[PDB]
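Observations on the model geometry
Residues per chain are reported as follows:
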Amino acid sequence: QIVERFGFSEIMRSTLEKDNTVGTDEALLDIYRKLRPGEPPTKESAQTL
Amino acid sequence: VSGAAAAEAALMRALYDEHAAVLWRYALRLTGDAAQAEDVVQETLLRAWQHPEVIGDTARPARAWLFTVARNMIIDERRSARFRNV
RNA sequence: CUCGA
DNA sequence: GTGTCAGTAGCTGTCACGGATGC
DNA sequence: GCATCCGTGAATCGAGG
């Protein structure tokens, strides 16, 4: 669906390609450990904030 | 044997990684000074290591005990020793 | 902080 | 002596330049 | 071997609150 919305730009395709991790529960924890480092990452503890 | 004297540490380093970085923020909001918070955190967790009757019941909230320990120490610093100089 | 050459 | 959730404010509205720092 | 990012610098004196 992301490729569906931003497909008209090569820059967004290249972003999704050069991406590191894929998955709804993966990038979530990737954000959690950069925003509030040093804490155990729960799926719901990140889904909440 | 020696594995037990090592188990002590491996038990403390396991509560650190889950409660220290969170306790810090509490004393932070209450003191507005990350330095004193850094101090209070270590004081608290040292007492914790000194009071094993709290972590032994793993199934009970330990963080909840920690917060009160800290909250008390901060006001102990807001004692007469603070009123005059701060 | 506000201001003068 | 302490024990159920118990979790910053603030903030990027400067810039040119050189060289160690780092992928 | 080279781009990033760190650290350095950025007029003078003066008044009052």
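Residues numbered from 1 in each chain as written, not as in the entry; some residues may be left out. Chains lettered and ligands numbered in written order. Part of a larger assembly, values for the part shown. Heavy atoms only, no water.

As annotated in the PDB entry, chain B carries the name RNA polymerase sigma factor and comes from Mycobacterium tuberculosis. The deposited entry bears the title "Crystal structure of MTB sigma L transcription initiation complex with 5 nt long RNA primer".

Looking at the PDB entry, one finds chain A named DNA-directed RNA polymerase subunit beta, with Mycobacterium tuberculosis as its source organism.

Together, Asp33, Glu38, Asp39 and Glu43 of chain B make up a region of like negative charge exposed at the surface. With respect to the secondary-structure elements, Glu43 of chain B resides in helix α2 (residues 34–50). (Patch = residues over 30% accessible without salt bridge, like charges linked within 9 Å, V, L, I, M, F, W, Y side chains within 5 Å. Areas by Shrake-Rupley, 256 points an atom, 1.4 Å probe, with all protein chains shown as cover. Salt bridge = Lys/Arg side-chain N within 4 Å of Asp/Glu carboxyl O. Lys, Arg positive; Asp, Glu negative; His and termini not counted. Charge placed at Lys NZ, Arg CZ, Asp CG, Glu CD. Helix = DSSP H or I, 4+ residues; strand = E, 2+ residues; numbered from the N terminus.)

Surrounding DNA strand D, one finds 20 residues, the nearest of these being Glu39 of chain A together with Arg47, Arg63, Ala64 and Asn72 of chain B. Counting only atoms of DNA strand D within 4 Å of the protein, the fraction found in sugar and phosphate groups is 38%. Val54 of chain B places a main-chain nitrogen or oxygen 3.3 Å from a base nitrogen of DNA strand D. Within the side chain of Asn72 of chain B, a nitrogen or oxygen atom sits 2.7 Å from a base oxygen of DNA strand D. Among the elements that make up the surface near DNA strand D, the one with the highest residue count is helix α3 (residues 62–77) of chain B (8 residues). Class assignment for the residues of the surface near DNA strand D results in 8 nonpolar, 3 polar and 9 charged. (Near = heavy atom within 4 Å. Polar contact = N/O pair within 3.5 Å; in protein donor to acceptor, adjacent residues only side chain to side chain. Nonpolar A, V, L, I, M, F, W, Y, C, P; charged D, E, K, R; others polar.)

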